[PDB]
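Topology and contacts: notes
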Amino acid sequence: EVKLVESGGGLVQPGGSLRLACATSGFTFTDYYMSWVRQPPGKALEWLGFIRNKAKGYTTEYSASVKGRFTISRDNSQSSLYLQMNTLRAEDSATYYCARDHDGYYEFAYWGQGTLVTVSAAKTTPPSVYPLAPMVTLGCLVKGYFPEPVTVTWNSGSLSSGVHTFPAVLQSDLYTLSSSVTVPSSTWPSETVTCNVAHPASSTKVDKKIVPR
Amino acid sequence: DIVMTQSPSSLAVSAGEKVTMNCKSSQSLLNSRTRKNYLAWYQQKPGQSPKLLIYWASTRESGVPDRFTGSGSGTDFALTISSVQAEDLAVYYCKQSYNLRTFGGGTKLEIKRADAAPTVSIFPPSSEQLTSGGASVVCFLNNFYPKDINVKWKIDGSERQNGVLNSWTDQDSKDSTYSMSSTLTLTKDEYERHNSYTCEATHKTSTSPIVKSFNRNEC
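Residues numbered from 1 in each chain as written, not as in the entry; some residues may be left out. Chains lettered and ligands numbered in written order. Heavy atoms only, no water. Residues with missing side-chain atoms left out of burial classes, pairs and counts.

As recorded in the PDB entry, chain B goes by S25-39 Fab light chain and comes from Mus musculus.

Chain A appears in the PDB entry as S25-39 Fab heavy chain from Mus musculus.

Structure below.
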């Protein structure tokens, strides 16, 4: 399997710098051009730059919006790509994707999962997690956290269908979001239901059982 | 610095219809050496990374179904879907690679379906939130269609405008419905002054609002 995993993002002070890494495996890294693309929350994709393959001496190109400020490089022994990002502003807040472009063999272009970069002087804060007790619908309130993302599962993921998790909404440098889940009324409260919240930024894992009445 | 312009912004169509969306470039994308137009189409489904569908204007990426077709040349191009299925729900972007790369602004593909009434649930503040002197009342308005909806909060017979934050999902692939959340936040003081809490929901599937309520005195 061709893999691409981005790392090195997260929360960063205005004026700060980051180096995003994209760890690659499954293909002859040196034969491909590689690209970085970003997407601010809710907006269009934006091409940032590419680096060419071995045959072309690994030269680079940048869009007009970042040329001079960001730089791409690659570690061709370790099969890894980098994006050096300088003097960050609120406009750079986005998901960053590593993509394999093209060049060479029989069969696809591939993209990583992306990493979220948030440029802000607000500080990391863990969520408070509240159970929402009354086919029956339960939920979980995830309140007071910074930065994004959080992940919410129901019963360590075993309840997957009938789950809605709403986009967080920022206010006063804290996000809040909620997650609902719908079960057969016959199964709760006989069998338990638990919401599990992960906020990697503050190393937070919380479980919250939905207790009736 | 080639500019790319896509249209329309969005479209909505039933499972099975055929559609077309367009992409225009500020200059020719046609390469004189290869006689290829360097124009490509991406699909980005909600929550996911973009995926390449079409390149050289009309060559289908491996594994991609042939209900997807792209066409055009020069500065004008189009993508067509024949029998839109529910899992085509996504934002579609064109991208020139003639000189550097540039994405278009995207076209959003919404799925049309049978009108559906929201399932509405209301939740009083958890006792652990009350413990820290916060009070949030939460309304879920789940699995409705169409998308537009209006939420009103009542406290003891009087409307409340402020302290309310709303949030909307993206359309579900699995059933093509929208959901919405509406959170009323208060201090624990303000919460215990009053009795009855009500979210009322106005959807084109009724002239009467859908109302769910609780009275503090019954908790």
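Next up on the list: the state of the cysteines. Under the counting rule described, the total for this entry stands at four disulfides over all chains. Bridging A:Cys140 to A:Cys195, the disulfide has an S-S length of 2.0 Å. Measuring handedness by torsion sign, the sulfur bridge of A:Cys140 and A:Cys195 sits at about -65° and is left-handed. A residue pair is termed long-range when its members are at least 10 positions apart, and A:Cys140 in strand β13 (residues 136–145) and A:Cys195 in strand β18 (residues 194–199) qualify at 55 residues. On the basis of relative accessibility, which here comes to 0%, the residue A:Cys140 falls in the buried class. Residue A:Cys195 is classed as buried on the basis of its relative accessible area of 0%. Note on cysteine connectivity: B:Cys23 is disulfide-linked to B:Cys94, with sulfurs 2.2 Å apart. Disulfide B:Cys23-B:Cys94: torsion about the S-S bond near 80°, hence right-handed. Within this pair, whereas B:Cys23 is found in strand β3 (residues 19–25), its partner B:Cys94 is found in strand β11 (residues 90–96), the two being separated by 71 residues in sequence. The same class applies to B:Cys23 and to B:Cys94, which are both buried. Along chain B, the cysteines that take part in disulfide bonds pair up as 1-2, 3-4, counted in sequence order. (Disulfide = S-S within 2.5 Å. Helix = DSSP H or I, 4+ residues; strand = E, 2+ residues; numbered from the N terminus. Buried < 20%, exposed > 50% of the residue type's maximum accessible area, 1.4 Å probe, protein only.)

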